[PDB]
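Take a look at this one chain, the form deposited in one PDB entry, written out in C-alpha cells.
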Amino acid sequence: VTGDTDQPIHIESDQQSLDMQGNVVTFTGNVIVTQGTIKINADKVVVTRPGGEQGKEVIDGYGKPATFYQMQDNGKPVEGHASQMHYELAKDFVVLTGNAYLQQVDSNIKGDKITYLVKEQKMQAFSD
C-alpha cells in the first residue's frame, strides 16, 4: 500500500549472527521480514549496508521457497515465491529469482469449515 516503504523494517528469526567486520547481519530459522504490509518469509536473511550508508541497505532472503506478500492500494494482495528475494531499499522493488512465481488475489474467504465443489456446475433451466 502507499506508505509501505516509509515504514520501519522488523526482522524476526530464531538465531542472529553479526559479522564482526560490521555491516552484515545474518538471520536464520523461520525468518520473517515485515515493512508495513510487506512480508517476506525465508530460512536465511542477510542484511547488508554497503559502506555504512543508511538508505542503501540490501535485504536478501533465501528459502525453499522464500515467500513474499504485500497488500496493494486496490485491495488485492500480491503473493509470490522464489529461491531468493532481493530487496534493495533504495530501489523500491523486489527481485524474485529461482523458480520465481507471482500472483494477484481477487477474492477470499475464511471459515472453520469450507466446502468447495471440484466439479463444474451446469446451467439449470427449463421450459414449459
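Residues that one form lacks are left out of the comparison. By rigid core we mean the largest C-alpha set that fits within 1.5 Å across both forms. Don't overthink the numbering: it's just position in the shown sequence, from 1.
Beyond what is shown, the protein has a form deposited in another entry; the following relates to that form.
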{"query": "Rigid core superposed: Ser107 CA moves 2 Å or more between the shown form and the other one", "finding": "no"}
{"query": "Post core alignment: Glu120 C-alpha displaced by 2 Å or more between the shown form and the other one", "finding": "yes"}
{"query": "Sequence-ordered runs, three or more residues, C-alpha shift 2 Å or more between the shown form and the other one, rigid core", "finding": "110 to 127"}
